[PDB]
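Down below is the structure, laid out as structure tokens.
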Amino acid sequence: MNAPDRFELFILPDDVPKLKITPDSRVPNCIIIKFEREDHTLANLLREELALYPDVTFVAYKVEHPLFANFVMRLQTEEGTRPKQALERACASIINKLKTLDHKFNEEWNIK
Amino acid sequence: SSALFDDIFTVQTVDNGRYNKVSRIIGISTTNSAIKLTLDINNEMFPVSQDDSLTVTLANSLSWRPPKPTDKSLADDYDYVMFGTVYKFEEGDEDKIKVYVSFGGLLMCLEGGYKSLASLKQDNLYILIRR
Amino acid sequence: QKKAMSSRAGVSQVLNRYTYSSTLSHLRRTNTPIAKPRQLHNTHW
Amino acid sequence: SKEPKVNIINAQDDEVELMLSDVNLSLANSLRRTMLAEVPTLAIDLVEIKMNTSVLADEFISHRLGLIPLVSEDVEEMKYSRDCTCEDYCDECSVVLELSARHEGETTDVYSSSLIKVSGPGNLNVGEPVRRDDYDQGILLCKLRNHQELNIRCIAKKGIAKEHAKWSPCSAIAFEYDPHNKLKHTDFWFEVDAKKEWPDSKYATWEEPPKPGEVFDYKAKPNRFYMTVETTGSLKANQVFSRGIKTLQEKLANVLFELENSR
Amino acid sequence: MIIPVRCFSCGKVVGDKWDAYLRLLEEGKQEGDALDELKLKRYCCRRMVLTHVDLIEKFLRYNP
Amino acid sequence: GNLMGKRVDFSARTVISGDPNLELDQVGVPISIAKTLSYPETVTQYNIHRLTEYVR
Amino acid sequence: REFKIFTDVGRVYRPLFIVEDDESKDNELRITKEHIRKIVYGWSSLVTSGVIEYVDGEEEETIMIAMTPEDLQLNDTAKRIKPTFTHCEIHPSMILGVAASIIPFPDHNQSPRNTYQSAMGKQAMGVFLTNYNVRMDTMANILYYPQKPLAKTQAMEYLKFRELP
Amino acid sequence: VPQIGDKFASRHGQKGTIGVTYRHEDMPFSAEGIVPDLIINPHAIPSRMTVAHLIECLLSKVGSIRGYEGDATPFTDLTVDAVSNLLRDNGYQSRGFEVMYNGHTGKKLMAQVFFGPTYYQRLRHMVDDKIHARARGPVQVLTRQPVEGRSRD
Amino acid sequence: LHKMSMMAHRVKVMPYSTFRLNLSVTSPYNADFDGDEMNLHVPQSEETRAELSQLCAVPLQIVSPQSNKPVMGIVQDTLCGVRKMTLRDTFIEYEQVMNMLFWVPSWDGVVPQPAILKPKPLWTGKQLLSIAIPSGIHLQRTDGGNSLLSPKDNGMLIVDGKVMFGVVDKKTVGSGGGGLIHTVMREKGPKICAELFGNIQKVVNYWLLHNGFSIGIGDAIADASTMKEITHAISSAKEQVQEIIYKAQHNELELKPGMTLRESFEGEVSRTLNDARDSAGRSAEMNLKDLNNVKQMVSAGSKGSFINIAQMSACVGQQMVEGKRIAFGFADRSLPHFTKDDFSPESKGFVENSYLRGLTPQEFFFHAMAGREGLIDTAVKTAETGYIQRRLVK
Ligand SMILES: [Zn+2]
Ligand SMILES: [Zn+2]
């Protein structure tokens, strides 16, 4: 009756970006990234793999409001080091970890 | 850049007054018999039983940087380092003083009277302990 | 009927049909025309 | 071998118990829900009822069929009819099925086996009424008396558990770690003795007890996780893990693509 | 009112188990065990059939 | 009944449910309702731009 | 020193068990396990054999009723503490009407609460009849998939509840 | 369909409406896999005092696992201590309680929860039968003020 | 019936057919979600709006003029949990300490020095909760046995807007006089304090969301030996009654001045049964450790009190109507299942059982007649007070 159409939790509508990055004035070298159409599934995963990279000085996230499947992530790192890269790497590291996993899950499997 | 306290005490007793993971201990000084110490502590993180020889130190110095300082200074040559603030300066008769120290939720009490020019009235205060 | 409403209204209603136990209750219902009557007496046991 | 490591446990056709070690909890949980909610499947979405003398109403039946598990082997090579440049739907983007059931023998039953697959499969095992039943006719839809008819026509589509529950192939998933509370990420309730009053978990048999004389290890983090992935059929439990890893990747892909588009 | 495809609580199918159940009753005289063998472990999927009230039967005795 | 208190227009009523992520003074309103109640706001060369979007 | 006789039409009455001291070898309920297993034998005979009597509110005044048939003719420190006989109570859980009759363990809730459910029950959804598919009545609701409760009262057995959850 | 507003209740005066609706992931769960369909607040217990609810839950958590029909009838010879032992014979905690992992992070809950199957009636009084909003609509005749009831706008 | 029964709120359009209101503003209207409906009115002039924000704004209403104290505090979950979250035993690590500051809209953007650095760097609730409290907020308490080193972690001391020691609950964040709310309005202003809520909320709820919390029958059972220790306090009390009934069926008792021998008979039974139940529960009260959830919800101050627990785990108590123990509707007796002139407690309405044990028929009945009285006026004083009110207004 008043509930949106289910498929609005992942499909982006007419000109709208998945990612929105804003600079932080509060402190030097900091940003707040607005993620569209997402949740804890992908969020918490990025947050985690950042406290592994001892080059990240800060990494938190939050859900503005539960009705809308979105979330803001605020990250702050050391001097002259762009977070995006550490995000790429650790994200790639996930894929590598997963590439390995996949493989390691295939050989393991085969022995049945 | 100097020290403001150095003394080994002895656990008079350990109290776990309704705390499954924290115990409040008390102990007198080995030097003067006027300096007492009351301090709450994480019995889970740092176990301690009655009759122990601990060395307490203090002072304020060596956003909040994460670790990384492994190849930087490290005045952490100890095994317990809390941060907090001090509030009151009480005088129990004579010229004996006694400051009350709370660490963001963790209380502490010092007593004696010989820091009439050592223990300041600022917020700063870092606790240290060893062995 | 007539210009004689000087009767009692409540008697005979529109049998509930929300749930079975609802309908049941309704037939097994008693009324009582009007601080003491409302009390739950012993005799009700 | 090295960094992350897999350790499959007892696995069958409709389950895959297993141990995932050398990984952060964060990522286990992440993967957890991805199977539960974001794995492509295939369920009926549009129903063009032709005849129905059943005691059940139209949309009552429509619901039922939505949950029934269909094949999803080559499910990954299809597009949503909405994205398909064909007005509405078609073989190149949808799968149509028929169903007619007339009551003649004056109680006739309607099992899912009576469904044909009139539309074009694009030549790939998929869109088939997954039967694991011994005879060949899983899930009895309904019964009917004397002269009651029933003519349907189902159309199936992609979709995921997010869009609707009628999709997810998971259906319950076990997850536990550190059965003997050593990390103390919990404070057990009790009246006298915790150990005796608190049931030992069947996973407690794969790890050594605490052992008192040892102090509390603190620098330790949540490593090794005992799971179990139940399946309903449609996709082999293994793919139901791979595709997840992959869908997550596909997401992780755009996460890297969209990234560039912001450079 | 007929059996519920997939259990609300967890999701596991439960459409097929109907005829199987009503048989393991009539003859083999089981409950607990039947279920256990039907592969219905945890109470979540369990409660669905054992709590199902097949109304449809009386409805089917109706004309149209 | 009708004078010391009367039924009035521009009013609505529904079912309440609390939200722990709404500022103290806020009040989440159901889309349906927002699409029903209006407010006479005069046209001004400062909000025309915003109004011209809203009107289309 | 008086005798009240009422034949009247409109007198509420309940049924009770008869005790009678017919034991010339000690001090016991007239009913036996033979009447039981025997259950041309209606309820009218169960009365035509002097095994139950209809005691109205007035007559009650001058009688003494025993609660539990058994007991009223060491312990576990967990269970509930329990505290000439002329009549016995068929069963205490029969003093309830439709509403409370469906409430599990009403003797464990604050009584005024039971009184609430006693009303809300008359406002839930389910199935109110089976002919429903042939009724042209204004307003009516049927719960998609019903479900008989996981816990029940022996009395429910007479409220056909299992067939109409 | 039940909506984020429809009213519900058990058989213990524990009436309540929907505040939100989560899915399987977001939902808390137990090692076994088993996940809840409903989550009501512990605060609705202390002053309501309705304890049988908690009991109805336990009993019903046994008949579920044991497959045997659960008798709840009034004054019989069944106690919480008795039931608790039977539930210990089957495998799960003697009081019902189970461990749960927060559906968002996967990390365990520092506490334990009273997880157990309880009967729930879906009382009528669903939102879309109450939701009403008007701005200058059908006016009454005698008064000329608006009209009564949401049904007549 | 309140000045606060109507307040201006900021509109936030959201989906789904329902009015979404904040939790803390529940008690002013005195509403719940068990089906309650709410009326909404929509302003129409340019001035009307100003009038709505300058006189009816929620922040201005924070302080109720009738009792020169607030009328909105922290309820249920948020209250209940903030207590836990506050305890010395409550520690939080970086990973969570990050997601918590982020959740605070007002965060100054400065991470406070960890209360621990030594092996693993942890924090405590008391700490983070303070980041929601603005600078310059000075609070001093002192309860009963309260002195600069609170053993049981009692009292409350906040300087510069940072928690030093003590637990936070009903007493410290309730609609009370000293109330931390009352002070932030007065010291900082309406706006900031109205915002203060949202922060304190988001933070607590989040923590609880991860720490979890529940309640179940287990939180209502008394020790194995305690259930015995109580029994003989009811047995002895029964005889301590039988004694004074014997000592009454002998005229060996005096009429408490101003009262009738019958009234004076009453006067003792009541003070005997009451005091019994009163300690009966108190025996369990101190027998329920500081982890028992039901207890927690009593210390937190978020629902129920001693009495409640008592009536659920020990003895419900004696029932009564019109001030006197169950009358004699049946000539010279409570029920026909009793010997006439039976003055004992099982007849005059004394439920010796606990809800946990499941009351006897008789007891179950009496109990209702007592409750029955409640509902009566609750369906009369509800509008008769309103009647009495209407006059006062008019
Ligand atoms: Zn198409
Ligand atoms: Zn299930």
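What is reported rests on the model, the rules as stated and the sources as named; these are not laboratory values. Virtual Cβ from ideal backbone geometry, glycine too; neighbours counted across all protein chains shown.
Restricting attention to chain C, and to residues there that are within 14 Å of chain I (Cβ to nearest Cβ) and surrounded by fewer than 10 Cβ atoms within 10 Å (Cβ to Cβ), which single residue is farthest from I:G349 (Cα to Cα)?
Step one: list which residues in chain C are within 14 Å of chain I (Cβ to nearest Cβ), which gives C:34-45.
The next check asks that each one be surrounded by fewer than 10 Cβ atoms within 10 Å (Cβ to Cβ); those that pass are C:34-37.
Details: C:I34: 28, C:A35: 21, C:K36: 19, C:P37: 20 Å.
That would be C:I34.
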query: Restricting attention to the stretch D:63-83, does a residue exist that is within 16 Å of ligand 2 (Cβ to nearest atom) and within 14 Å of chain E (Cβ to nearest Cβ)?
result: yes
message: Among the residues of the stretch I:169-179, are any within 12 Å of chain B (Cβ to nearest Cβ) and outside any helix (DSSP H, G or I)?
response: no
- request: Kindly list, by first and then second residue, each pair from a residue in the stretch D:1-29 that is under 13 Å from D:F241 (Cα atoms) to a residue that is surrounded by fewer than 16 Cβ atoms within 10 Å (Cβ to Cβ) and among the polar types (S, T, N, Q), limited to pairs with Cβ atoms under 8 Å and residues at least 6 apart or on different chains.
  value: D:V6/D:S21; D:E17/D:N10; D:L18/D:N7; D:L20/D:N7
query: Any idea which of D:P121, D:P129, D:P169, D:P199 is away from ligand 2 (no atom under 16 Å from the Cβ), surrounded by 20 or more Cβ atoms within 10 Å (Cβ to Cβ) and not charged (D, E, K, R)?
result: D:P129
- line: Residue hits (the stretch D:180-195; basic (K, R) and facing another protein chain (nearest Cβ under 10 Å)) are D:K184
field: Single residue of B:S102, B:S29 found to be more than 20 Å from B:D7 (Cβ to Cβ) and either crowded, with 16+ Cβ neighbours inside 10 Å or facing chain I (nearest Cβ under 10 Å) (or both)
entry: B:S102
- line: Checking I:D153, I:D108 in turn, the sole residue that is farther than 19 Å from B:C109 by Cβ, within 13 Å of chain B (Cβ to nearest Cβ) and either outside any helix (DSSP H, G or I) or hydroxyl-bearing (S, T, Y) (or both) turns out to be I:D108
- line: Scanning the stretch B:61-85 for residues that are part of a loop (DSSP other than H, G, I, E, B) and either away from chain I (no Cβ under 11 Å) or of a type in the set (A, V, I, L, M) (or both) gives B:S61, B:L62, B:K68, B:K72, B:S73, B:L74, B:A75, B:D77, B:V81, B:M82
query: Within the stretch E:1-16, restricting attention to residues that are of a type in the set (D, E, K, R) and either at positive phi or more than 7 Å from ligand 2 (Cβ to nearest atom) (or both), which residue is surrounded by the most Cβ atoms within 10 Å (Cβ to Cβ)?
result: E:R6
statement: Among the residues of the stretch H:90-117, the number that are facing chain D (nearest Cβ under 9 Å) and part of a loop (DSSP other than H, G, I, E, B) is 17
message: I need the helices (runs of 4 or more DSSP H) fully contained in the stretch E:5-64, keeping only those with at least 1 residues that are more than 8 Å from chain D (Cβ to nearest Cβ) and within 11 Å of the chain's Cα centre (by Cα).
response: E:17-26, E:32-38, E:43-50
Filter result for the condition that a residue is within 14 Å of another protein chain (Cβ to nearest Cβ) and in a loop (DSSP other than H, G, I, E, B), over D:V118, D:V130, D:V110, D:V126: D:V130
Residue satisfying condition, being surrounded by 21 or more Cβ atoms within 10 Å (Cβ to Cβ) and either assigned to a loop (DSSP other than H, G, I, E, B) or within 14 Å of chain A (Cβ to nearest Cβ) (or both), within set I:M72, I:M85: I:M72
Long-range neighbours under 8 Å by Cβ, at least six apart or interchain, first residue not assigned by CATH to the domain that holds D:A156 within the stretch D:93-121, second more than 16 Å from ligand 1 (Cβ to nearest atom) and acidic (D, E): none
query: Identify, please: which residue in the stretch A:23-44 is part of a strand (DSSP E or B) and farther than 18 Å from A:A86 by Cβ and is, among those, farthest from the other protein chains (Cβ to nearest Cβ)?
result: A:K34
query: Is it the case that the stretch A:45-66 has a residue that's under 25 Å from H:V20 (Cβ atoms), among the basic types (K, R) and part of a strand (DSSP E or B)?
result: yes
field: Flag if I:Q54 is under 30 Å from F:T42 (Cα atoms), exposed (fewer than 14 other Cβ atoms within 10 Å of the Cβ) and out of contact with any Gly (no Cβ under 6 Å at 6 or more places or on another chain)
entry: yes
task: Examine the stretch I:317-327 for a residue that is surrounded by fewer than 21 Cβ atoms within 10 Å (Cβ to Cβ) and in contact with a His (Cβ under 7 Å, 6 or more places away or on another chain), and state whether such a residue exists.
output: no
message: Against the condition at the interface with another protein chain (Cβ under 8 Å from one of its Cβ atoms), outside any loop (DSSP other than H, G, I, E, B) and not basic (K, R), how does D:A174 come out, does it pass?
response: yes
task: Taking I:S279 as the residue in question, decide whether it is crowded, with 19+ Cβ neighbours inside 10 Å, hydroxyl-bearing (S, T, Y) and within 28 Å of the chain's Cα centre (by Cα).
output: no
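Kindly provide the set of residues from the stretch D:205-246 that are more than 27 Å from the chain's Cα centre (by Cα) and more than 11 Å from every other protein chain (Cβ to nearest Cβ), ordered by number.
D:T205, D:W206, D:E207, D:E208, D:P209, D:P210, D:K211, D:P212, D:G213, D:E214
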task: Report, by residue number, each residue of the stretch H:74-92 that is under 16 Å from H:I34 (Cβ atoms) and surrounded by 20 or more Cβ atoms within 10 Å (Cβ to Cβ).
output: H:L87, H:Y92
